[PDB]
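Remarks on the structure that follows.
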There are 4 protein chains.
Amino acid sequence: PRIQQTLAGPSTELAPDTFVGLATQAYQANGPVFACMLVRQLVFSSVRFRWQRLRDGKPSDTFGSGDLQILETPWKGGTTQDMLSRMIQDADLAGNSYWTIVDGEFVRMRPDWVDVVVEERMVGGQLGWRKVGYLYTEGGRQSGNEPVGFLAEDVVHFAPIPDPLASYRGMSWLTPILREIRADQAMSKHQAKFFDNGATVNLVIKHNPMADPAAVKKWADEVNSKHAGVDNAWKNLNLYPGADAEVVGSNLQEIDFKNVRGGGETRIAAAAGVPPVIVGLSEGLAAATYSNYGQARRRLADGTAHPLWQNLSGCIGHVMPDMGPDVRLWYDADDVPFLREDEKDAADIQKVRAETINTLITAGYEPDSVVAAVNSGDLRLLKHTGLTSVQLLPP
Amino acid sequence: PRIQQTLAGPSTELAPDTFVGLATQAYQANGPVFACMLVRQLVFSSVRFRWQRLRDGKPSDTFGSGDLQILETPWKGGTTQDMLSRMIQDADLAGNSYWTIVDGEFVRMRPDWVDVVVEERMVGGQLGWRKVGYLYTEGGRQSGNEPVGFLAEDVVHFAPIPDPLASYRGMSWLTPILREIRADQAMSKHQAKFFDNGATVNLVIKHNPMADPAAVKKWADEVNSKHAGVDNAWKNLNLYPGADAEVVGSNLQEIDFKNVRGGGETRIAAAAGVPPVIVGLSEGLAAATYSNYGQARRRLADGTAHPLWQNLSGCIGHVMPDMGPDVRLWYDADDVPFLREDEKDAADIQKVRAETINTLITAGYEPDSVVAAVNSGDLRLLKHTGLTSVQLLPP
Amino acid sequence: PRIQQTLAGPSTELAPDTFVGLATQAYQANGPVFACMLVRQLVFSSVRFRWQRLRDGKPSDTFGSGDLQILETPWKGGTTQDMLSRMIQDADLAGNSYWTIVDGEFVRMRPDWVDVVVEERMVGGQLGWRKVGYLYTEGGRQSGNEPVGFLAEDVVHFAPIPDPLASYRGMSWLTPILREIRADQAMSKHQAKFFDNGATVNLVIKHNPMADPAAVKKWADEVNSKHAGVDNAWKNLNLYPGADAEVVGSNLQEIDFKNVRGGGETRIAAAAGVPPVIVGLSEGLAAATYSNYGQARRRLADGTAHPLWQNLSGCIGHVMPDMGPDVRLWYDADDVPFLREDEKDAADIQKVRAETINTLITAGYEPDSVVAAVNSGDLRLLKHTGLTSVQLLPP
Amino acid sequence: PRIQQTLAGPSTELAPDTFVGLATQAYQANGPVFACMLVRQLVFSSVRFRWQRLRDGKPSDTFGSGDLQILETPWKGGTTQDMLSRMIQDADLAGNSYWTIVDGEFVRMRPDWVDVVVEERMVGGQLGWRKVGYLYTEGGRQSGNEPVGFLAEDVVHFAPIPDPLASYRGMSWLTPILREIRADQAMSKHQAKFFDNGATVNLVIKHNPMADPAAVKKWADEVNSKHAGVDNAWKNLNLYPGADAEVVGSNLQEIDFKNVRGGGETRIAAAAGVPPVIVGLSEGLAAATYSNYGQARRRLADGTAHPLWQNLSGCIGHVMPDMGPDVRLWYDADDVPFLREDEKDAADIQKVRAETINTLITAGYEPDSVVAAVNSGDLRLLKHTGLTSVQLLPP
């Protein structure tokens with residue numbers, strides 16, 4: 001909701017400044033948030049890029065060409081992992097990521113400084129806004145530096161979570177859990193304040209009024225001399241008449257906010273979209289349980305990695321040269337050690353398919369009909385040649 | 001946010017001084033931090049380096065060459081492990097690790113003494129800063145010694161965790177959990193203070209107001225001599241009229257922080273990226289359960305070890321001679337006992353693929369089509385020769 | 001951090017004196033620490049040394065020669081086990097181990113007496129320090145004995161845990177748990193002090209004021225005569241009018257510090273890097289559970305033994321003669337009864353590999369392509385001769 | 001730290017006098033220590049000795065010779081077990097065990113009466129002390145009897161636990177757990193004192209102040225005679241006006257030390273290197289669970305038995321005739337029922353290797369190449385003859 005008009009320029013949708021505040025108050029000041037974002041950074045930054053062929057609109061075997069050399073080395077002395085980490089961090093903190101390619105290398109673009117330029121759309125009447133290009137200013141708008149612009153067809157824009165109230169904006173998942181982050185920080189502050197302003201008394205001695213203060217001090221010094229340290233333990237305490245001694249503990253069980261800290265961690269993890277056990281956090285429990293790590297791994301992978309990877313590939317592919325209407329950019333995860341179980345499941349499925357095809361061929365069916373039926377799950381496509389692999393007798 | 005300019009020198013990005021403070025306050029003064037760092041170092045410093053070839057983008061078999069003897073023996077008296085461990089420790093402590101070749105030997109440079117020299121980037125306006133080279137000085141920035149320069153293509157820069165507010169440097173993962181470490185030290189000091197400041201009496205005796213202090217001292221000495229130790233134990237006590245005796249111990253519930261200390265350990269372990277059971281830290285429970293050790297090991301390996309090795313190989317590949325556009329440096333860990341289960345699973349999956357391939361070929365399909373179908377998971381690419389291995393009959 | 005300059009000698013990095021204090025206050029004064037270090041000594045001191053061949057930089061079959069005779073018998077009437085135990089103890093206590101070979105035997109070198117001599121490194125400018133040799137003085141520096149030096153190429157230096165703040169120093173894992181050791185010792189002292197200064201009263205008799213002390217003593221003697229010993233049990237006690245009797249127990253449940261002793265043992269074991277169950281300690285539990293001993297054994301072996309063994313072999317190998325650029329020193333663990341499960345797993349993996357190779361050969365592929373594909377996990381390397389083991393019919 | 005010099009004699013290292021004290025204070029006066037030592041002795045004294053040959057470094061089949069009859073019958077009337085048990089007991093008590101051959105018979109020397117004679121080592125300055133020989137005296141050092149010397153190559157020295165502060169001697173594992181033993185004895189004495197110093201009354205009766213003592217005695221005798229034992233049980237009691245009766249037993253919660261005593265037993269067992277269940281000590285629980293006995297036996301065997309036998313064989317090998325550079329003395333334990341499961345597992349693993357070898361040969365590989373591949377775990381060493389055991393066809 002940053003639409004504004006310039007008296008001598010095209011309308012531009014402004015950018016926010018919550019990037020710096022979020023980065024300084026959540027990434028570098030909170031434990032769970034840093035852990036979840038670090039897990040995301042480690043996991044979703046190991047894929048590669050390849051062309052995938054399309055036949056009749058269906059994906060098929062992949063191939064590689066020289067035009068993907070830029071993605072392998074985004075700049076001098078750097079790998080694709082650095083790119084993926086930087087864009088994941090940018091999308092997590094500011095909700096947007098901007099990259100442009102200059103002279104064969106990719107230059108990172110700070111999110112909060114980039115502005116998006118739009119223009120009116122004519123049909124008559126006005127129907128929304130049309131995207132034209134970007135405007136970048138050094139050090140912010142008020143810095144007075146000369147801004148430099150770009151074209152819409154030469155800049156990558158990574159916004160995985162669309163802003164509902166805007167046409168070309170992104171949003172971060174840290175916003176709806178600011179209350180939880182502040183609550184956790186306040187709880188930690190309160191628990192730490194106990195060791196700075198808290199008194200831990202052991203014995204409370206009540207003195208008879210008929211006592212000289214100096215004698216009281218001398219008696220207290222003697223008591224401290226005789227009953228201090230582990231050496232002077234398990235002795236007997238003699239009290240002069242008219243005195244009283246009482247034992248007082250503490251309130252150590254008041255700094256325990258497990259039933260609320262666990263809920264806060266649960267909300268933070270849910271916003272991050274990562275199972276707590278993968279992060280490692282314990283939420284209301286003595287410790288995290290690793291008995292069901294496989295299901296959590298399956299959930300995390302198949303519910304976060306693949307959609308993010310495909311969205312990222314689609315966003316990146318527009319800046320690359322055009323192969324045509326059949327070849328499209330796609331990711332590859334054939335040598336990642338995080339999806340070995342998925343690879344095994346796919347291999348088992350393909351083995352079962354092959355065994356079914358062999359069984360159908362044995363019965364004497366036409367091979368093309370058999371493979372079509374197996375690939376489409378429609379038994380009506382089977383066409384019988386008219387011969388059987390077994391001898392059929394007149395009786 | 002450490003950009004600085006010199007009135008007679010190139011602008012440089014500055015490095016914080018948290019290295020020595022962290023090393024002297026957490027690494028050598030805390031249990032869980034030292035344990036996590038030790039586990040990371042020992043597990044991670046075991047990998048080896050090889051040249052890997054890629055065929056049409058997809059990787060292929062590895063091969064050795066005479067260019068890797070510098071990695072096998074990084075310095076006289078050294079080993080690859082001695083360099084991997086040092087880099088991991090430096091990265092975990094300060095977030096950076098600078099290495100360079102000096103007369104054919106790898107030489108370390110202290111991270112707190114190294115700066116980065118940058119130059120303006122011109123497209124016309126500035127579009128960020130360009131990394132030119134490095135700068136090193138012995139004894140610190142203010143030491144007064146003559147600085148030593150370098151080039152960005154002869155210095156190895158290792159930073160696995162990017163810093164959103166820093167153009168090129170990284171950040172250490174110990175910064176956001178300083179509160180937990182300080183709380184743990186405070187709890188330890190509160191535990192220790194009990195045996196040095198607190199006292200534990202056995203019997204509290206109240207005497208008659210008119211009792212003579214000398215007589216009280218005599219009676220106290222007698223009763224102490226007659227009821228000392230287990231030798232004079234389980235006896236009877238006779239109190240003169242007007243005297244009382246009570247039993248008041250020390251409440252141990254005050255010295256108990258299992259829940260909060262366990263939560264702190266869990267958060268530290270989560271920040272370190274290592275499952276608690278592998279480190280060994282019992283947290284909130286009596287002890288750690290080694291029943292889910294397989295799941296914990298798989299989590300640790302897949303989540304952390306492989307991406308770190310990939311990033312390290314990518315950083316090392318810069319200073320190496322340019323083998324070509326296909327051969328790239330890649331780690332090899334086929335002789336690490338920590339990863340035997342993954343090799344087992346890969347062996348079973350390869351056997352499954354072999355069975356599927358044999359079954360598909362036996363049915364009568366063209367072998368290369370079968371290979372393509374299994375390598376791409378697409379049955380449409382299959383091609384039938386037109387022949388079957390079963391004797392069909394027209395009747 | 002012991003860099004210093006000599007007015008008439010090369011700069012030497014000093015050694016500490018905490019060796020004696022640690023050895024006398026932890027090894028010979030604590031239970032858990034002694035147990036963990038004894039387990040380490042027993043386990044990691046049973047390997048042997050052999051040459052391992054390298055083809056294309058990859059490990060292969062091993063062989064033995066006469067140059068390893070020195071390692072088998074390090075000195076007269078001694079085995080390699082004594083060497084391994086001594087260096088493990090030295091690395092555990094002082095963090096360093098020094099050995100030099102003289103006249104065909106290895107002479108042990110006390111750690112705290114050895115000094116490391118360095119020199120300035122010139123590139124111009126200064127870049128760190130360069131290691132040159134060692135200096136050894138009898139009985140310490142102040143003893144006044146004539147020091148004897150050595151060369152860097154003839155002394156073994158075993159420092160598994162590098163000191164972050166120094167270039168050629170080691171560090172012990174006992175330092176970060178000194179607080180836990182002191183807490184455990186203080187707890188034991190406090191629990192033992194109960195039997196020396198603690199009174200255990202059974203009955204408290206309150207006497208009527210109108211009583212002669214001599215009569216009181218006589219009555220107490222009669223009471224002790226009639227109600228002492230297991231023979232005079234379960235009788236009746238008659239009290240003269242004006243008296244009072246009360247039953248008083250004790251505070252036996254105050255010397256129980258399980259909830260803190262268990263945590264201390266947990267931290268000590270985590271620092272030692274050994275599972276508690278292997279040590280045998282119970283931490284907050286009634287007794288240690290041996291139901292999951294296999295997982296703990298796997299963790300201990302594959303996370304501590306192999307990295308330590310390879311680091312030790314690399315450190316030792318530099319003093320041995322040079323075979324060339326393909327043969328390197330390595331350890332052997334083929335007849336150790338602690339890795340039988342690992343041997344079985346490796347045998348199963350190799351059996352599966354062999355079965356897969358046989359299956360691939362059956363289908364009619366070229367054997368070299370089959371073995372290359374199995375050894376590299378790349379199906380694209382398979383080359384088909386053009387023949388099949390089954391008869392293919394025209395129908 | 002027992003280095004001493006004589007004004008007219010070679011310098012000698014001194015031996016402490018903890019042997020007799022330990023033997024008379026812990027071995028013959030404590031339960032757990034005696035049980036642990038008995039288990040160690042009985043389990044460990046069952047091994048036999050054989051000559052083992054090594055081929056190219058790796059060991060090979062064993063063989064007997066006429067040189068081992070001295071080990072089979074160490075003395076007239078003795079057996080190998082009688083010597084192994086004595087050495088194990090001496091090592092566990094004093095940390096050393098000295099044996100020598102006297103006219104073809106093994107003779108024991110008391111560890112507390114044996115010293116070590118040393119000489120300065122010259123490289124020029126001193127570089128430690130050189131072990132020259134031994135010295136023995138009957139009745140102790142101050143006994144005044146004439147000392148008897150020996151040579152370092154005719155005396156068997158057994159010390160499995162090195163002493164960091166001692167140049168050549170070892171230390172016993174009972175030293176660091178003296179506190180636990182003393183605490184256990186104190187607890188036992190406190191338990192025993194209850195039945196000798198404490199009294200247990202059944203009924204407490206308060207009488208009227210004006211009651212005649214003779215009348216009170218008469219009434220007490222009558223009520224005791226009418227309410228004694230279970231014969232006159234469950235009757236009614238009539239108290240005269242002004243008399244009272246209460247019920248006050250003895251609180252048994254005072255005599256209870258299950259947690260602390262169990263912890264002490266656990267620590268003693270851990271120091272002894274034996275799992276608690278094998279010893280049988282219930283610790284903190286009602287009883288010990290024999291369900292994990294297999295895991296406990298494997299832990300005990302692998303952790304302790306094999307290294308001790310290896311060290312013993314190494315020590316014994318010194319005094320034996322020099323067979324050569326390949327044959328070395330090695331223990332044999334193939335007829336010990338305690339190790340049947342390990343032989344079972346080895347049999348299964350050998351069967352797995354046999355199956356793998358047969359499968360590899362059947363495919364058509366050269367047999368020696370198969371043997372090398374299975375002995376080294378490297379498929380690259382395999383060589384194909386060029387032949388297959390399946391009838392291939394060009395179509």
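Here, A, B, ... name the chains of the structure tokens in the order displayed, residue numbers run from 1 inside each chain, and ligands are numbered from 1 in the same displayed order.
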Checklist entry - chain A residues within 6 Å of chain C, counting only C-alpha atoms: which ones, as a PyMOL selection string? => result chain A and resi 230+234-235
Generate a file of the selected residues that holds C-alpha atoms, formatted as a PDB file, in the first residue's frame.
ATOM      1  CA  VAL A 230      31.543 -26.546  53.952  1.00  0.00           C
ATOM      2  CA  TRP A 234      26.452 -30.016  60.460  1.00  0.00           C
ATOM      3  CA  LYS A 235      27.330 -28.341  63.769  1.00  0.00           C
TER       4      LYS A 235
END
Item to check | Contact residues around residue B:302 with only C-alpha atoms at 9 Å, ignoring same-chain residues under 5 positions, as a PyMOL selection string | outcome: (chain A and resi 43+336-338) or (chain B and resi 297+307)
Who sits within 10 Å of residue A:388, only C-alpha atoms, same chain under 6 positions skipped, as a compact mmCIF listing (two decimals) with C-alpha atoms, in the first residue's frame:
# COMPACT_ATOMS: atom_id res chain seq x y z
CA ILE A 361 3.73 -58.19 -22.04
CA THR A 362 3.85 -61.84 -20.95
CA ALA A 363 0.08 -62.21 -21.43
CA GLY A 364 0.46 -61.35 -25.12
CA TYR A 365 -0.55 -57.69 -25.43
CA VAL B 390 8.69 -65.55 -24.83
CA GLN B 391 7.49 -68.03 -27.45
CA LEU B 392 4.10 -66.66 -28.50
CA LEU B 393 1.63 -68.76 -30.47
CA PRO B 394 -1.17 -67.69 -32.83
CA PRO B 395 -3.65 -69.97 -31.14
Next on the checklist: Quick check for you: according to DSSP on this backbone, which residues of stretch 121-325 of chain A are classed as helix (DSSP H, G or I)? Reply as number ranges by chain.
Outcome noted: A: 152-154, 175-192, 194-197, 213-226, 252-254, 258-272, 276-279, 293-317
Item to check | Shell of 9 Å around residue C:112, only C-alpha atoms, local chain residues under 3 positions omitted, as number ranges by chain | outcome: C: 15-20, 94, 96, 115, 140
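Distances to residue B:354 were evaluated for C:154, C:138, C:378, C:146 using only C-alpha atoms, and the minimum falls at C:378.
Take the candidates D:260, D:211, D:239, D:8 and check each one against residue C:188 using only C-alpha atoms; the shortest distance goes to D:260.
Shell of residue A:209 at 12 Å, with only C-alpha atoms counted and residues fewer than 5 places along the chain excluded, is residues 216, 241, 242, 243 and 244 of chain A.
Computed from the coordinates, the atom CA of residue A:143 to atom CA of residue A:27 distance equals 26.2 Å.
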Item to check | DSSP strand (DSSP E) selection over stretch 183-380 of chain C, as a VMD selection string | outcome: chain C and resid 201 to 206 235 to 239 244 to 247 327 to 332
May I have the selected residues written with N, CA, C and O atoms, as a compact mmCIF listing (two decimals), in the first residue's frame?
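Output file part.txt is given in full below:
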# COMPACT_ATOMS: atom_id res chain seq x y z
N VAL C 201 20.29 -37.81 67.42
CA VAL C 201 19.57 -37.98 68.68
C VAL C 201 18.34 -38.84 68.42
O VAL C 201 17.73 -38.79 67.35
N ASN C 202 17.97 -39.66 69.41
CA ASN C 202 16.82 -40.54 69.31
C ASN C 202 15.65 -40.09 70.17
O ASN C 202 14.53 -39.93 69.67
N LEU C 203 15.88 -39.87 71.46
CA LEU C 203 14.85 -39.40 72.38
C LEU C 203 15.32 -38.13 73.07
O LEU C 203 16.50 -38.01 73.43
N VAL C 204 14.40 -37.19 73.26
CA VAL C 204 14.68 -35.94 73.95
C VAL C 204 13.81 -35.93 75.20
O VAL C 204 12.57 -35.91 75.12
N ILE C 205 14.44 -35.93 76.37
CA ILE C 205 13.73 -35.98 77.64
C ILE C 205 13.78 -34.61 78.28
O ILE C 205 14.86 -34.05 78.51
N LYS C 206 12.60 -34.06 78.59
CA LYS C 206 12.48 -32.77 79.25
C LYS C 206 12.10 -33.01 80.71
O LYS C 206 11.11 -33.68 81.00
N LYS C 235 9.64 -52.57 74.80
CA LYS C 235 9.15 -52.50 76.17
C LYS C 235 8.35 -51.22 76.37
O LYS C 235 8.06 -50.48 75.43
N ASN C 236 7.99 -50.95 77.62
CA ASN C 236 7.21 -49.77 77.97
C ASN C 236 8.05 -48.81 78.79
O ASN C 236 8.87 -49.22 79.62
N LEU C 237 7.84 -47.52 78.56
CA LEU C 237 8.59 -46.46 79.23
C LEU C 237 7.66 -45.73 80.19
O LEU C 237 6.67 -45.12 79.77
N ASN C 238 7.98 -45.79 81.48
CA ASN C 238 7.24 -45.08 82.51
C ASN C 238 7.99 -43.80 82.86
O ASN C 238 9.19 -43.83 83.12
N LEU C 239 7.27 -42.68 82.86
CA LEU C 239 7.85 -41.37 83.12
C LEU C 239 7.32 -40.82 84.44
O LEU C 239 6.11 -40.89 84.70
N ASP C 244 8.63 -35.14 80.16
CA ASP C 244 8.15 -35.17 78.79
C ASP C 244 9.15 -35.92 77.92
O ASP C 244 10.37 -35.78 78.10
N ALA C 245 8.64 -36.71 76.98
CA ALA C 245 9.46 -37.46 76.04
C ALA C 245 8.97 -37.20 74.63
O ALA C 245 7.76 -37.23 74.37
N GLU C 246 9.91 -36.96 73.71
CA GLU C 246 9.59 -36.74 72.31
C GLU C 246 10.57 -37.50 71.44
O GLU C 246 11.74 -37.67 71.81
N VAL C 247 10.10 -37.96 70.29
CA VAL C 247 10.90 -38.73 69.35
C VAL C 247 11.38 -37.79 68.25
O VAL C 247 10.58 -37.07 67.64
N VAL C 327 52.85 -43.42 -1.23
CA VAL C 327 52.73 -44.23 -0.02
C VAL C 327 52.68 -43.31 1.19
O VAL C 327 53.53 -42.42 1.35
N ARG C 328 51.69 -43.52 2.06
CA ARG C 328 51.54 -42.74 3.28
C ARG C 328 51.29 -43.66 4.46
O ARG C 328 50.78 -44.77 4.30
N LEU C 329 51.67 -43.19 5.64
CA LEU C 329 51.44 -43.95 6.86
C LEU C 329 49.97 -43.91 7.25
O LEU C 329 49.29 -42.89 7.07
N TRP C 330 49.47 -45.02 7.78
CA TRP C 330 48.07 -45.12 8.16
C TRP C 330 47.92 -46.19 9.22
O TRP C 330 48.80 -47.03 9.40
N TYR C 331 46.79 -46.15 9.93
CA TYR C 331 46.55 -47.13 10.98
C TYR C 331 45.75 -48.31 10.44
O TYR C 331 45.18 -48.27 9.35
N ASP C 332 45.72 -49.39 11.23
CA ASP C 332 44.99 -50.60 10.88
C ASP C 332 44.16 -51.04 12.07
O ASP C 332 44.65 -51.07 13.20
Item to check | Surrounding residues of residue B:300 excluding itself and chain neighbours under 4 positions, 10 Å, only C-alpha atoms, as number ranges by chain | outcome: A: 278; B: 40, 273-275, 278, 294-296, 304-306
